[PDB]
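Numbering (the deposited numbering), first residue to last: 15 to 49, 57 to 97, 109 to 141, 145 to 245.
Heads up, the thing below is written out as structure tokens.
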DNA sequence: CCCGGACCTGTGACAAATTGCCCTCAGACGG
DNA sequence: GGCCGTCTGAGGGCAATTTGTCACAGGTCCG
Ligand SMILES: [Mg+2]
Ligand SMILES: [Mg+2]
Ligand SMILES: [Mg+2]
Ligand SMILES: [Mg+2]
């Protein structure tokens, strides 16, 4: 199945995208790398890749696409729009998109790589972001260990404001996304909290391959 | 001493958003 | 040649679940 690779600058960029948007983004990065910024998506191919009906695929592509307008990307800083022209459909079942050509060098560069089947069952987009960031540190054999700072997680992934209260961070983000990864990818994940005084400052992740 | 206060934790509630499902009907194609 | 039966996909919706938000109970230490 398709092998996604991407610059670490993208893995660690600041942005807010939905699951459906992130799914399309993997294919854009795949199309671009296999070579101006103009990409294409076929309804019927998307449905087969992610096990959807054509109808629900159509709904997913269409709504995702109009929600890109005005979205911006920050590399730590510098801000860019993803798209510089609205999407449009020349043929039935076919969509054409114009990626910001200044983003090309950030896609292809100190890199991250994973097969697309590893992530296609994840639902929560924050769990996608987390699985990408861990892959950046994985070893050939399939294991790794890394410490991420809590303020940096909040900025980079653009978590919502109430997760600045630590019990909500644990309950609605950390625990859920560790569960999905353990339930939906071939990885087995554990963690421990690093504290300084009363505040929790980093999260330390360990993982192996099944 | 023990207070009110400033931190921290977890949980119960509710509001807002997203999920996989369902139904309709016209477009593009073929037998 | 052209009608109609089928495969697509662009729309309209849903209830059951998940995600986002905040009040309140209940721990500690400070001055
Ligand atoms: Mg959908
Ligand atoms: Mg008393
Ligand atoms: Mg009690
Ligand atoms: Mg008290």
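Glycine included, each C-beta is placed from N, C-alpha and C at the ideal position.
Start-to-end residues for the alpha helix (DSSP H) that takes in residue i
i: residue 96; result: That residue, residue 96, is in no alpha helix (DSSP H); its beta strand (DSSP E) goes 93 to 96.
i: residue 40; result: 33 to 47
i: residue 190; result: 185 to 192
i: residue 79; result: 75 to 87
i: residue 136; result: 136 to 139
i: residue 71; result: No alpha helix (DSSP H) holds residue 71; DSSP gives it neither H nor E.
i: residue 202; result: 201 to 204
Residue range of the unbroken beta strand (DSSP E) whose run includes residue i
i: residue 228; result: 222 to 231
i: residue 25; result: Counting along the chain, residue 25 falls outside any beta strand (DSSP E), though it belongs to the alpha helix (DSSP H) covering 22 to 25.
i: residue 59; result: 59 to 63
i: residue 176; result: It is not in any beta strand (DSSP E) - residue 176 carries neither H nor E in the DSSP assignment.
i: residue 128; result: 126 to 130
i: residue 148; result: 146 to 150
i: residue 219; result: That residue, residue 219, is in no beta strand (DSSP E); its alpha helix (DSSP H) goes 210 to 219.
i: residue 111; result: 110 to 113
i: residue 234; result: 234 to 244
Cβ shell of residue i (< 8 Å), same chain only, five flanking positions each side left out
i: residue 221; result: 153, 244, 245
i: residue 198; result: 189, 204, 207, 208
i: residue 13; result: What the structure shows of the chain is the stretch from 15 to 245, and residue 13 is not part of that stretch, so it cannot be assessed.
i: residue 59; result: 128, 129, 130, 131
i: residue 146; result: 19, 20, 21, 22
i: residue 166; result: 149, 153, 154, 157, 216, 220, 222
Cβ distance (whole Å) where residue i is taken to contact residue j below 8 Å
i: residue 40; j: residue 18; result: 5 Å
i: residue 79; j: residue 64; result: 6 Å
i: residue 114; j: residue 94; result: 6 Å
i: residue 212; j: residue 127; result: The Cβ separation is near 30 Å, so there is no contact.
i: residue 141; j: residue 44; result: About 16 Å separates the two Cβ atoms, so there is no contact after all.
i: residue 193; j: residue 29; result: 7 Å
i: residue 85; j: residue 38; result: 6 Å
i: residue 235; j: residue 201; result: 6 Å
i: residue 173; j: residue 26; result: Incorrect: roughly 15 Å between the Cβ atoms, too far for contact.
Cutoff 7 Å; reference residue i; Cβ partners in own chain excluding five residues on either side
i: residue 117; result: 130
i: residue 169; result: 179, 181, 240, 242
i: residue 138; result: 21, 23, 24, 96
i: residue 159; result: 211, 212, 215
i: residue 71; result: 37, 155
i: residue 122; result: 128
Close Cβ partners of residue i (< 6 Å) along its chain, the five nearest in sequence each way excluded
i: residue 183; result: 238
i: residue 55; result: Missing here is residue 55: after 49, the next number in the chain is 57.
- [ ] Could you please go through the chain and list the residues whose beta-carbon is closer than 6 Å to any non-hydrogen atom of ligand 5?
- [x] This structure lacks ligand 5; the ligands present are ligand 1, ligand 2, ligand 3 and ligand 4.
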